[PDB]
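Asks: Okay, so here is entry_13.pdb, and as you'll see once you scroll down, it has PDB, C-alpha atoms.
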ATOM      1  CA  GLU S   1     -20.470  -6.858 -17.569  1.00  0.00           C
ATOM      2  CA  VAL S   2     -21.597  -4.354 -14.922  1.00  0.00           C
ATOM      3  CA  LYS S   3     -21.289  -0.627 -15.654  1.00  0.00           C
ATOM      4  CA  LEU S   4     -22.057   2.616 -13.786  1.00  0.00           C
ATOM      5  CA  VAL S   5     -21.867   6.090 -15.392  1.00  0.00           C
ATOM      6  CA  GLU S   6     -22.108   9.181 -13.116  1.00  0.00           C
ATOM      7  CA  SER S   7     -23.069  12.649 -14.401  1.00  0.00           C
ATOM      8  CA  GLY S   8     -24.075  16.137 -13.282  1.00  0.00           C
ATOM      9  CA  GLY S   9     -20.926  17.542 -11.668  1.00  0.00           C
ATOM     10  CA  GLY S  10     -19.442  20.963 -12.279  1.00  0.00           C
ATOM     11  CA  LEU S  11     -18.261  24.200 -10.699  1.00  0.00           C
ATOM     12  CA  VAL S  12     -20.788  25.862  -8.370  1.00  0.00           C
ATOM     13  CA  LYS S  13     -21.095  28.771  -5.850  1.00  0.00           C
ATOM     14  CA  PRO S  14     -21.244  28.362  -2.068  1.00  0.00           C
ATOM     15  CA  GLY S  15     -24.767  28.067  -0.695  1.00  0.00           C
ATOM     16  CA  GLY S  16     -26.224  26.606  -3.912  1.00  0.00           C
ATOM     17  CA  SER S  17     -27.733  23.212  -4.731  1.00  0.00           C
ATOM     18  CA  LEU S  18     -27.212  20.432  -7.293  1.00  0.00           C
ATOM     19  CA  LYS S  19     -28.399  16.969  -8.357  1.00  0.00           C
ATOM     20  CA  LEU S  20     -26.079  14.118  -9.423  1.00  0.00           C
ATOM     21  CA  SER S  21     -27.239  11.080 -11.448  1.00  0.00           C
ATOM     22  CA  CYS S  22     -25.871   7.574 -12.157  1.00  0.00           C
ATOM     23  CA  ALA S  23     -26.998   5.258 -14.996  1.00  0.00           C
ATOM     24  CA  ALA S  24     -26.636   1.516 -14.320  1.00  0.00           C
ATOM     25  CA  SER S  25     -26.449  -1.326 -16.853  1.00  0.00           C
ATOM     26  CA  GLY S  26     -25.362  -4.951 -17.171  1.00  0.00           C
ATOM     27  CA  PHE S  27     -27.143  -6.260 -14.042  1.00  0.00           C
ATOM     28  CA  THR S  28     -30.591  -6.263 -12.432  1.00  0.00           C
ATOM     29  CA  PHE S  29     -30.341  -2.870 -10.710  1.00  0.00           C
ATOM     30  CA  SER S  30     -33.586  -3.288  -8.736  1.00  0.00           C
ATOM     31  CA  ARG S  31     -32.194  -6.167  -6.629  1.00  0.00           C
ATOM     32  CA  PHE S  32     -29.123  -4.371  -5.166  1.00  0.00           C
ATOM     33  CA  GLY S  33     -28.384  -1.760  -2.538  1.00  0.00           C
ATOM     34  CA  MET S  34     -26.227   1.199  -3.680  1.00  0.00           C
ATOM     35  CA  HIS S  35     -23.727   3.667  -2.180  1.00  0.00           C
ATOM     36  CA  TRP S  36     -22.221   7.087  -2.949  1.00  0.00           C
ATOM     37  CA  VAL S  37     -18.521   7.549  -1.916  1.00  0.00           C
ATOM     38  CA  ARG S  38     -16.424  10.736  -2.471  1.00  0.00           C
ATOM     39  CA  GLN S  39     -12.668  11.410  -2.836  1.00  0.00           C
ATOM     40  CA  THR S  40     -11.098  14.753  -1.863  1.00  0.00           C
ATOM     41  CA  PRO S  41      -8.368  16.550  -3.852  1.00  0.00           C
ATOM     42  CA  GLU S  42      -5.899  15.152  -1.259  1.00  0.00           C
ATOM     43  CA  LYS S  43      -7.105  11.611  -2.168  1.00  0.00           C
ATOM     44  CA  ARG S  44      -8.959  10.773   1.066  1.00  0.00           C
ATOM     45  CA  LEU S  45     -11.926   8.429   0.536  1.00  0.00           C
ATOM     46  CA  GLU S  46     -15.132   9.232   2.483  1.00  0.00           C
ATOM     47  CA  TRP S  47     -18.387   7.247   2.440  1.00  0.00           C
ATOM     48  CA  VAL S  48     -21.465   9.519   1.905  1.00  0.00           C
ATOM     49  CA  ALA S  49     -24.789   7.587   1.748  1.00  0.00           C
ATOM     50  CA  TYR S  50     -26.505   4.181   1.246  1.00  0.00           C
ATOM     51  CA  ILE S  51     -29.978   3.189  -0.065  1.00  0.00           C
ATOM     52  CA  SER S  52     -31.559  -0.298  -0.011  1.00  0.00           C
ATOM     53  CA  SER S  53     -33.178  -1.934  -3.044  1.00  0.00           C
ATOM     54  CA  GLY S  54     -36.699  -0.829  -2.030  1.00  0.00           C
ATOM     55  CA  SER S  55     -35.766   2.654  -0.681  1.00  0.00           C
ATOM     56  CA  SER S  56     -36.835   1.509   2.815  1.00  0.00           C
ATOM     57  CA  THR S  57     -33.453   1.600   4.641  1.00  0.00           C
ATOM     58  CA  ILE S  58     -31.274   4.718   4.214  1.00  0.00           C
ATOM     59  CA  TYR S  59     -28.024   5.864   5.934  1.00  0.00           C
ATOM     60  CA  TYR S  60     -26.013   9.134   5.773  1.00  0.00           C
ATOM     61  CA  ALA S  61     -22.616  10.291   6.999  1.00  0.00           C
ATOM     62  CA  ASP S  62     -22.787  12.757   9.916  1.00  0.00           C
ATOM     63  CA  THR S  63     -21.096  15.568   7.922  1.00  0.00           C
ATOM     64  CA  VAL S  64     -23.863  15.532   5.260  1.00  0.00           C
ATOM     65  CA  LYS S  65     -26.974  14.875   7.394  1.00  0.00           C
ATOM     66  CA  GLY S  66     -29.795  17.312   6.661  1.00  0.00           C
ATOM     67  CA  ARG S  67     -28.168  18.699   3.501  1.00  0.00           C
ATOM     68  CA  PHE S  68     -28.043  15.635   1.165  1.00  0.00           C
ATOM     69  CA  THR S  69     -30.901  13.358  -0.078  1.00  0.00           C
ATOM     70  CA  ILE S  70     -30.321   9.927  -1.771  1.00  0.00           C
ATOM     71  CA  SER S  71     -33.011   8.361  -4.010  1.00  0.00           C
ATOM     72  CA  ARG S  72     -33.467   5.894  -6.884  1.00  0.00           C
ATOM     73  CA  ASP S  73     -35.754   5.127  -9.848  1.00  0.00           C
ATOM     74  CA  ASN S  74     -35.819   1.357 -10.411  1.00  0.00           C
ATOM     75  CA  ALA S  75     -37.809   1.584 -13.658  1.00  0.00           C
ATOM     76  CA  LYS S  76     -35.182   3.849 -15.281  1.00  0.00           C
ATOM     77  CA  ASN S  77     -32.162   2.074 -13.668  1.00  0.00           C
ATOM     78  CA  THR S  78     -30.915   5.354 -12.158  1.00  0.00           C
ATOM     79  CA  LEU S  79     -29.500   6.472  -8.763  1.00  0.00           C
ATOM     80  CA  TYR S  80     -29.562  10.123  -7.540  1.00  0.00           C
ATOM     81  CA  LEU S  81     -27.802  12.381  -4.997  1.00  0.00           C
ATOM     82  CA  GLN S  82     -29.284  15.863  -4.289  1.00  0.00           C
ATOM     83  CA  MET S  83     -27.125  18.370  -2.349  1.00  0.00           C
ATOM     84  CA  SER S  84     -27.989  21.747  -0.770  1.00  0.00           C
ATOM     85  CA  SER S  85     -26.118  24.470   1.167  1.00  0.00           C
ATOM     86  CA  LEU S  86     -22.887  23.467  -0.577  1.00  0.00           C
ATOM     87  CA  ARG S  87     -19.569  24.403   1.058  1.00  0.00           C
ATOM     88  CA  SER S  88     -15.812  23.968   0.525  1.00  0.00           C
ATOM     89  CA  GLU S  89     -15.626  20.572   2.255  1.00  0.00           C
ATOM     90  CA  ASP S  90     -17.931  19.179  -0.482  1.00  0.00           C
ATOM     91  CA  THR S  91     -15.362  19.626  -3.319  1.00  0.00           C
ATOM     92  CA  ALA S  92     -14.557  16.062  -4.470  1.00  0.00           C
ATOM     93  CA  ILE S  93     -14.986  13.398  -7.139  1.00  0.00           C
ATOM     94  CA  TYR S  94     -18.263  11.527  -6.454  1.00  0.00           C
ATOM     95  CA  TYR S  95     -18.465   7.751  -7.214  1.00  0.00           C
ATOM     96  CA  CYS S  96     -21.411   5.336  -7.270  1.00  0.00           C
ATOM     97  CA  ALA S  97     -20.678   1.802  -5.987  1.00  0.00           C
ATOM     98  CA  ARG S  98     -22.833  -1.353  -5.875  1.00  0.00           C
ATOM     99  CA  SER S  99     -23.369  -3.417  -2.695  1.00  0.00           C
ATOM    100  CA  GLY S 100     -22.756  -6.961  -3.973  1.00  0.00           C
ATOM    101  CA  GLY S 101     -23.099 -10.169  -1.973  1.00  0.00           C
ATOM    102  CA  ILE S 102     -20.557 -12.995  -2.067  1.00  0.00           C
ATOM    103  CA  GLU S 103     -22.389 -16.191  -1.116  1.00  0.00           C
ATOM    104  CA  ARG S 104     -20.430 -18.494   1.184  1.00  0.00           C
ATOM    105  CA  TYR S 105     -21.051 -21.531   3.371  1.00  0.00           C
ATOM    106  CA  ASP S 106     -21.329 -19.354   6.503  1.00  0.00           C
ATOM    107  CA  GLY S 107     -23.285 -16.369   5.195  1.00  0.00           C
ATOM    108  CA  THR S 108     -23.439 -13.777   2.423  1.00  0.00           C
ATOM    109  CA  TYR S 109     -20.751 -11.072   2.699  1.00  0.00           C
ATOM    110  CA  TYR S 110     -21.637  -7.650   1.236  1.00  0.00           C
ATOM    111  CA  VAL S 111     -18.892  -5.436  -0.216  1.00  0.00           C
ATOM    112  CA  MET S 112     -18.517  -2.437  -2.557  1.00  0.00           C
ATOM    113  CA  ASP S 113     -17.623  -4.467  -5.655  1.00  0.00           C
ATOM    114  CA  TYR S 114     -18.154  -2.411  -8.866  1.00  0.00           C
ATOM    115  CA  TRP S 115     -17.564   1.393  -9.049  1.00  0.00           C
ATOM    116  CA  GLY S 116     -18.183   3.999 -11.771  1.00  0.00           C
ATOM    117  CA  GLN S 117     -15.656   6.428 -13.267  1.00  0.00           C
ATOM    118  CA  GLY S 118     -16.918   9.359 -11.156  1.00  0.00           C
ATOM    119  CA  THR S 119     -18.109  12.952 -11.659  1.00  0.00           C
ATOM    120  CA  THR S 120     -16.266  15.995 -10.290  1.00  0.00           C
ATOM    121  CA  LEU S 121     -17.739  18.769  -8.092  1.00  0.00           C
ATOM    122  CA  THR S 122     -15.871  22.013  -7.308  1.00  0.00           C
ATOM    123  CA  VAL S 123     -17.251  24.705  -4.976  1.00  0.00           C
ATOM    124  CA  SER S 124     -15.889  28.167  -5.801  1.00  0.00           C
ATOM    125  CA  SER S 125     -14.694  31.090  -3.655  1.00  0.00           C
ATOM    126  CA  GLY S 126     -16.602  31.941  -0.486  1.00  0.00           C
ATOM    127  CA  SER S 140     -17.592   6.715  18.046  1.00  0.00           C
ATOM    128  CA  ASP S 141     -16.733   5.866  14.435  1.00  0.00           C
ATOM    129  CA  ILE S 142     -14.134   3.144  13.877  1.00  0.00           C
ATOM    130  CA  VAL S 143     -10.889   4.926  12.952  1.00  0.00           C
ATOM    131  CA  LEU S 144      -8.336   3.030  10.776  1.00  0.00           C
ATOM    132  CA  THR S 145      -4.638   4.041  11.209  1.00  0.00           C
ATOM    133  CA  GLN S 146      -2.673   2.887   8.110  1.00  0.00           C
ATOM    134  CA  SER S 147       1.143   2.989   7.514  1.00  0.00           C
ATOM    135  CA  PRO S 148       3.490   3.761   5.734  1.00  0.00           C
ATOM    136  CA  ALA S 149       2.468   6.898   3.776  1.00  0.00           C
ATOM    137  CA  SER S 150       4.605   5.788   0.822  1.00  0.00           C
ATOM    138  CA  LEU S 151       7.285   3.255  -0.096  1.00  0.00           C
ATOM    139  CA  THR S 152       9.542   2.202  -2.986  1.00  0.00           C
ATOM    140  CA  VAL S 153      10.238  -1.521  -3.660  1.00  0.00           C
ATOM    141  CA  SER S 154      12.577  -3.245  -6.113  1.00  0.00           C
ATOM    142  CA  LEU S 155      11.057  -5.498  -8.792  1.00  0.00           C
ATOM    143  CA  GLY S 156      10.385  -8.934  -7.355  1.00  0.00           C
ATOM    144  CA  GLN S 157      10.697  -7.887  -3.678  1.00  0.00           C
ATOM    145  CA  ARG S 158       8.123  -7.494  -0.864  1.00  0.00           C
ATOM    146  CA  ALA S 159       5.725  -4.628  -0.058  1.00  0.00           C
ATOM    147  CA  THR S 160       4.167  -4.627   3.454  1.00  0.00           C
ATOM    148  CA  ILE S 161       1.347  -2.297   4.655  1.00  0.00           C
ATOM    149  CA  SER S 162      -0.206  -2.204   8.144  1.00  0.00           C
ATOM    150  CA  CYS S 163      -3.597  -1.197   9.666  1.00  0.00           C
ATOM    151  CA  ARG S 164      -4.635  -0.704  13.326  1.00  0.00           C
ATOM    152  CA  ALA S 165      -8.372  -0.206  14.065  1.00  0.00           C
ATOM    153  CA  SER S 166      -9.605   1.746  17.098  1.00  0.00           C
ATOM    154  CA  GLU S 167     -11.898  -1.157  18.059  1.00  0.00           C
ATOM    155  CA  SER S 168     -12.309  -4.771  16.957  1.00  0.00           C
ATOM    156  CA  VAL S 169     -13.738  -5.473  13.488  1.00  0.00           C
ATOM    157  CA  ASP S 170     -14.428  -9.133  14.343  1.00  0.00           C
ATOM    158  CA  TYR S 171     -18.015 -10.385  14.453  1.00  0.00           C
ATOM    159  CA  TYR S 172     -18.154 -14.003  15.726  1.00  0.00           C
ATOM    160  CA  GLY S 173     -14.882 -15.225  14.262  1.00  0.00           C
ATOM    161  CA  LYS S 174     -14.973 -13.314  10.953  1.00  0.00           C
ATOM    162  CA  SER S 175     -13.096 -10.011  10.455  1.00  0.00           C
ATOM    163  CA  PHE S 176     -14.796  -7.347   8.312  1.00  0.00           C
ATOM    164  CA  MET S 177     -11.600  -5.815   6.864  1.00  0.00           C
ATOM    165  CA  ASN S 178     -11.256  -5.202   3.087  1.00  0.00           C
ATOM    166  CA  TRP S 179      -8.393  -3.944   0.845  1.00  0.00           C
ATOM    167  CA  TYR S 180      -8.604  -1.802  -2.338  1.00  0.00           C
ATOM    168  CA  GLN S 181      -6.157  -0.798  -5.126  1.00  0.00           C
ATOM    169  CA  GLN S 182      -6.427   2.484  -7.089  1.00  0.00           C
ATOM    170  CA  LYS S 183      -4.506   3.507 -10.271  1.00  0.00           C
ATOM    171  CA  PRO S 184      -4.513   7.094 -11.608  1.00  0.00           C
ATOM    172  CA  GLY S 185      -7.660   7.885 -13.571  1.00  0.00           C
ATOM    173  CA  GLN S 186      -9.575   4.840 -12.272  1.00  0.00           C
ATOM    174  CA  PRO S 187     -11.822   4.094  -9.288  1.00  0.00           C
ATOM    175  CA  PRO S 188     -10.764   1.757  -6.459  1.00  0.00           C
ATOM    176  CA  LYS S 189     -10.767  -2.017  -7.169  1.00  0.00           C
ATOM    177  CA  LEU S 190     -11.466  -4.700  -4.524  1.00  0.00           C
ATOM    178  CA  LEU S 191      -8.446  -6.996  -3.852  1.00  0.00           C
ATOM    179  CA  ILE S 192      -9.110  -8.811  -0.529  1.00  0.00           C
ATOM    180  CA  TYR S 193     -12.300  -9.286   1.570  1.00  0.00           C
ATOM    181  CA  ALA S 194     -12.970 -10.637   5.100  1.00  0.00           C
ATOM    182  CA  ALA S 195      -9.283 -10.063   6.090  1.00  0.00           C
ATOM    183  CA  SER S 196      -7.751 -12.937   4.076  1.00  0.00           C
ATOM    184  CA  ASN S 197     -10.096 -14.039   1.256  1.00  0.00           C
ATOM    185  CA  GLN S 198      -8.910 -13.586  -2.335  1.00  0.00           C
ATOM    186  CA  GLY S 199     -11.186 -11.672  -4.683  1.00  0.00           C
ATOM    187  CA  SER S 200     -12.217 -13.340  -7.916  1.00  0.00           C
ATOM    188  CA  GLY S 201      -9.319 -13.398 -10.373  1.00  0.00           C
ATOM    189  CA  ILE S 202      -6.968 -11.554  -7.967  1.00  0.00           C
ATOM    190  CA  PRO S 203      -3.420 -13.024  -8.225  1.00  0.00           C
ATOM    191  CA  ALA S 204      -1.900 -14.926  -5.307  1.00  0.00           C
ATOM    192  CA  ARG S 205       0.934 -12.396  -4.856  1.00  0.00           C
ATOM    193  CA  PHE S 206      -1.587 -10.187  -2.986  1.00  0.00           C
ATOM    194  CA  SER S 207      -2.335 -11.599   0.452  1.00  0.00           C
ATOM    195  CA  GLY S 208      -4.018 -10.277   3.571  1.00  0.00           C
ATOM    196  CA  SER S 209      -3.874 -11.429   7.202  1.00  0.00           C
ATOM    197  CA  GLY S 210      -4.751 -10.383  10.739  1.00  0.00           C
ATOM    198  CA  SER S 211      -7.648 -10.321  13.178  1.00  0.00           C
ATOM    199  CA  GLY S 212      -9.231  -8.224  15.904  1.00  0.00           C
ATOM    200  CA  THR S 213      -7.631  -4.760  15.611  1.00  0.00           C
ATOM    201  CA  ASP S 214      -4.408  -5.494  13.632  1.00  0.00           C
ATOM    202  CA  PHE S 215      -4.192  -6.300   9.881  1.00  0.00           C
ATOM    203  CA  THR S 216      -1.553  -6.455   7.099  1.00  0.00           C
ATOM    204  CA  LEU S 217      -1.436  -6.477   3.287  1.00  0.00           C
ATOM    205  CA  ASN S 218       1.621  -8.182   1.712  1.00  0.00           C
ATOM    206  CA  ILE S 219       2.551  -7.972  -2.000  1.00  0.00           C
ATOM    207  CA  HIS S 220       5.264 -10.432  -3.096  1.00  0.00           C
ATOM    208  CA  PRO S 221       6.827 -10.795  -5.644  1.00  0.00           C
ATOM    209  CA  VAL S 222       5.912  -7.247  -6.756  1.00  0.00           C
ATOM    210  CA  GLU S 223       5.472  -6.593 -10.487  1.00  0.00           C
ATOM    211  CA  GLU S 224       5.778  -3.440 -12.595  1.00  0.00           C
ATOM    212  CA  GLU S 225       1.989  -2.999 -12.871  1.00  0.00           C
ATOM    213  CA  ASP S 226       1.530  -2.935  -9.061  1.00  0.00           C
ATOM    214  CA  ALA S 227       2.456   0.775  -8.738  1.00  0.00           C
ATOM    215  CA  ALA S 228      -0.755   2.278  -7.253  1.00  0.00           C
ATOM    216  CA  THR S 229      -2.343   3.607  -4.011  1.00  0.00           C
ATOM    217  CA  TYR S 230      -3.693   1.000  -1.541  1.00  0.00           C
ATOM    218  CA  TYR S 231      -6.516   1.522   1.052  1.00  0.00           C
ATOM    219  CA  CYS S 232      -7.960  -0.557   3.914  1.00  0.00           C
ATOM    220  CA  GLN S 233     -11.681  -0.317   4.763  1.00  0.00           C
ATOM    221  CA  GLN S 234     -13.929  -1.762   7.490  1.00  0.00           C
ATOM    222  CA  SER S 235     -17.519  -2.942   6.854  1.00  0.00           C
ATOM    223  CA  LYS S 236     -18.512  -4.060  10.368  1.00  0.00           C
ATOM    224  CA  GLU S 237     -20.451  -0.913  11.416  1.00  0.00           C
ATOM    225  CA  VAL S 238     -22.050   2.178   9.907  1.00  0.00           C
ATOM    226  CA  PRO S 239     -20.333   4.493   8.922  1.00  0.00           C
ATOM    227  CA  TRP S 240     -18.067   2.554   6.555  1.00  0.00           C
ATOM    228  CA  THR S 241     -14.549   4.019   7.057  1.00  0.00           C
ATOM    229  CA  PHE S 242     -11.206   3.976   5.188  1.00  0.00           C
ATOM    230  CA  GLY S 243      -7.517   4.279   6.039  1.00  0.00           C
ATOM    231  CA  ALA S 244      -5.492   7.214   4.688  1.00  0.00           C
ATOM    232  CA  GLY S 245      -3.804   5.380   1.771  1.00  0.00           C
ATOM    233  CA  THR S 246      -0.282   4.128   0.911  1.00  0.00           C
ATOM    234  CA  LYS S 247       1.427   5.073  -2.381  1.00  0.00           C
ATOM    235  CA  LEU S 248       3.662   2.305  -3.853  1.00  0.00           C
ATOM    236  CA  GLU S 249       6.427   2.991  -6.420  1.00  0.00           C
ATOM    237  CA  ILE S 250       8.617   0.417  -8.223  1.00  0.00           C
ATOM    238  CA  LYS S 251      12.403   0.787  -8.341  1.00  0.00           C
ATOM    239  CA  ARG S 252      14.434  -0.327 -11.344  1.00  0.00           C
ATOM    240  CA  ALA S 253      17.059  -2.986 -10.604  1.00  0.00           C
ATOM    241  CA  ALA S 254      20.538  -3.002 -12.147  1.00  0.00           C
ATOM    242  CA  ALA S 255      20.891  -5.393 -15.059  1.00  0.00           C
ATOM    243  CA  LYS S 256      22.808  -8.620 -14.495  1.00  0.00           C
ATOM    244  CA  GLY S 257      25.671  -9.788 -16.680  1.00  0.00           C
ATOM    245  CA  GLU S 258      26.502 -13.321 -17.797  1.00  0.00           C
TER     246      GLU S 258
END
Once more with this new file: its structure as C-alpha cells, please.

Replies:
Amino acid sequence: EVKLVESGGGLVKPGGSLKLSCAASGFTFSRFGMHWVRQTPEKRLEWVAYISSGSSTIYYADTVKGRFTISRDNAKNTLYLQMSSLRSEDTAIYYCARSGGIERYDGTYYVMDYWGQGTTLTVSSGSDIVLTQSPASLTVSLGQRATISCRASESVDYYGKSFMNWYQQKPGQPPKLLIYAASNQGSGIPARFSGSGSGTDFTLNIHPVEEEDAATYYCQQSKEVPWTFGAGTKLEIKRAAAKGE
C-alpha cells in the first residue's frame, strides 16, 4: 500500500523561510509525477506546484511564483517544498499527492489519487477555470438523496471526454477520490455515488445516503493548468423517527 508522510511545518514569522519534506513508500516513487496542494483554515483547497518524474517539467500557481521552489531526490524517495518571503496568505495545511495514471482503452487519465496526512504551517503576527459549486451545506434523511451541482466558467471537455473529478473529505483526513472523468467510478467506490454532466455543467448524486457519508465534497477540473477546485459542500445526516409495527 502507498503511503506519504509530510514533515517540517510549524509556526514562523513573516518574511522568513522554510523547507517542507515528504517521505514516500509502497510504490516506485521515481516513476511518478508529484504535486503539493494546500488547505486554508476556512477549508478552501488550492493547488500549489507540480514536478515531473525527471524534474524536467515544473509548474507553479501564480500566487507563489518566485517565492516557492519544488524539488525531489529519487534515490532517497523524498519530495521537497522550499518557501521564502512568507506571508499571512501562506497559513495552511500542506499535502503531498501522487499523479497516478488510470489506463483505459482510449488513453491514460492522470489524477491526484493518494494523499498524505499533511503538515501545518502558521505565519504569526505582522484566465483560470473557475468552478462555482452549490449548495454550501445540506441535511438529508437516512436513505434519501443528496444532490450537488457545479458550473465551470469554460468547457472542461477535450474531444468527447470531460476532465471533471469529485473528492470526499472527513475530519482529520485528506481528500479521497470518488469519481473521475465526470462519470467513471473509482476503484472500490460504491454505486450509491454517481456523477454526470458534460461541457460546463456537472452533478454529484448520493442515493441512498448512509450514516458514514457525512463529509465535505469538492469538485475539481484537470483539463488545464492550474488545477482548480470548487468551494466545498458540507453534508449532514438527519435522524429519522422510528417506525412501529

Asks: Work out how far apart atom CA of residue S:67 and atom CA of residue S:19 are and give it in Å to one decimal.

Replies: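 Here the two named atoms are 12.0 Å from each other.
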
Asks: From the list S:12, S:102, S:97, S:248, which residue is nearest residue S:224 when using all atoms listed in the file?

Replies: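 Checking each of S:12, S:102, S:97, S:248 against residue S:224, counting all atoms listed in the file, the winner is S:248.
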
Asks: Output the residue selection produced by the PyMOL selection byres ((chain S and resi 13) around 7) on the file above, formatted as an MDAnalysis selection string.

Replies: chainID S and resid 12 14:16 123:124

Asks: Find the residue from S:103, S:42, S:167, S:90 that sits nearest to residue S:17; use all atoms listed in the file when measuring.

Replies: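 Nearest candidate to residue S:17 out of S:103, S:42, S:167, S:90: S:90.
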
Asks: What residues come out when you apply the PyMOL selection byres ((chain S and resi 190) around 8) to this file, written as a PDB file with C-alpha atoms, in the coordinates of the input?

Replies:
ATOM      1  CA  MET S 112     -18.517  -2.437  -2.557  1.00  0.00           C
ATOM      2  CA  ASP S 113     -17.623  -4.467  -5.655  1.00  0.00           C
ATOM      3  CA  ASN S 178     -11.256  -5.202   3.087  1.00  0.00           C
ATOM      4  CA  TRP S 179      -8.393  -3.944   0.845  1.00  0.00           C
ATOM      5  CA  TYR S 180      -8.604  -1.802  -2.338  1.00  0.00           C
ATOM      6  CA  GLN S 181      -6.157  -0.798  -5.126  1.00  0.00           C
ATOM      7  CA  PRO S 188     -10.764   1.757  -6.459  1.00  0.00           C
ATOM      8  CA  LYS S 189     -10.767  -2.017  -7.169  1.00  0.00           C
ATOM      9  CA  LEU S 191      -8.446  -6.996  -3.852  1.00  0.00           C
ATOM     10  CA  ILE S 192      -9.110  -8.811  -0.529  1.00  0.00           C
ATOM     11  CA  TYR S 193     -12.300  -9.286   1.570  1.00  0.00           C
ATOM     12  CA  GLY S 199     -11.186 -11.672  -4.683  1.00  0.00           C
TER      13      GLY S 199
END

Asks: Residues picked by the PyMOL selection byres ((chain S and resi 26) around 6) here, as a PyMOL selection string?

Replies: chain S and resi 1-2+25+27

Asks: Could you check which residues have any atom within 7 Å of (-34.4, -4.0, -3.0), counting all atoms listed in the file with coordinates taken straight from the file, and then list them as a list in words?

Replies: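 In the file's frame, the residues around the point are residues 30, 31, 32, 33, 52, 53 and 54 of chain S.
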
Asks: Give the answer as one residue: which of S:229, S:85, S:182, S:196 has the shortest atom-to-atom distance to residue S:66, using only C-alpha atoms?

Replies: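 Closest candidate: S:85.
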
Asks: Applying 7 Å and all atoms listed in the file, which residues near residue S:8 remain after dropping the ones on its own chain fewer than 6 positions away? List them as a PDB file with C-alpha atoms, in the frame of the given file.

Replies:
ATOM      1  CA  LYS S  19     -28.399  16.969  -8.357  1.00  0.00           C
ATOM      2  CA  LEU S  20     -26.079  14.118  -9.423  1.00  0.00           C
ATOM      3  CA  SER S  21     -27.239  11.080 -11.448  1.00  0.00           C
ATOM      4  CA  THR S 119     -18.109  12.952 -11.659  1.00  0.00           C
TER       5      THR S 119
END

Asks: Pick out the closest residue to residue S:171 from this set: S:236, S:205, S:44, S:183. Count all atoms listed in the file.

Replies: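 For residue S:171, the nearest of the given residues is S:236.
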
Asks: Please compute the atom CA of residue S:50-atom CA of residue S:4 distance, one decimal, in Å.

Replies: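 Distance between the two atoms: 15.8 Å.
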
Asks: Let me make sure I understand: among S:197, S:71, S:91, S:218, which one has the smallest atom-to-atom distance to residue S:58 if we use all atoms listed in the file?

Replies: S:71

Asks: For residue S:120, which residue among S:83, S:93, S:163, S:11 is the nearest when counting only C-alpha atoms?

Replies: S:93

Asks: For atom CA of residue S:22 and atom CA of residue S:96, quote the distance in Å rounded to one decimal.

Replies: 7.0 Å

Asks: Starting from 5 Å padding per side, set up an axis-aligned box that covers all listed atoms of stretch 76-91 of chain S and hand over centre and edge lengths in Å, one decimal, as AutoDock Vina command-line options.

Replies:
--center_x -25.3 --center_y 13.3 --center_z -6.5 --size_x 29.8 --size_y 32.4 --size_z 27.5

Asks: Give me, as a list in words, all polymer residues having an atom no more than 7 Å from residue S:39, counting all atoms listed in the file and skipping those fewer than 4 positions away in the same chain.

Replies: residues 43, 44, 45, 46, 92, 93 and 94 of chain S

Asks: Using all atoms listed in the file, determine which residues lie at most 6 Å from stretch 208-214 of chain S, disregarding the query and same-chain residues fewer than 2 positions distant; provide the list as a list in words.

Replies: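 My list of contacting residues is residues 163, 164, 165, 168, 169, 170, 195, 196, 216 and 217 of chain S.
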
Asks: Got time to write the residues from that selection, C-alpha atoms, as a PDB file, in the coordinates of the input?

Replies:
ATOM      1  CA  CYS S 163      -3.597  -1.197   9.666  1.00  0.00           C
ATOM      2  CA  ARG S 164      -4.635  -0.704  13.326  1.00  0.00           C
ATOM      3  CA  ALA S 165      -8.372  -0.206  14.065  1.00  0.00           C
ATOM      4  CA  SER S 168     -12.309  -4.771  16.957  1.00  0.00           C
ATOM      5  CA  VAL S 169     -13.738  -5.473  13.488  1.00  0.00           C
ATOM      6  CA  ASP S 170     -14.428  -9.133  14.343  1.00  0.00           C
ATOM      7  CA  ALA S 195      -9.283 -10.063   6.090  1.00  0.00           C
ATOM      8  CA  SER S 196      -7.751 -12.937   4.076  1.00  0.00           C
ATOM      9  CA  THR S 216      -1.553  -6.455   7.099  1.00  0.00           C
ATOM     10  CA  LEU S 217      -1.436  -6.477   3.287  1.00  0.00           C
TER      11      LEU S 217
END

Asks: Find the residues around residue S:204 up to 10 Å (only C-alpha atoms counted), leave out those fewer than 2 positions away in its own chain, and share them as a list in words.

Replies: residues 198, 199, 201, 202, 206, 207, 219, 220 and 221 of chain S

Asks: If I put a ball of radius 12 Å at (-22.4, -18.7, 7.3) in the file's coordinates, which residues poke into it when counting only C-alpha atoms, written as number ranges by chain?

Replies: S: 102-109, 171-174
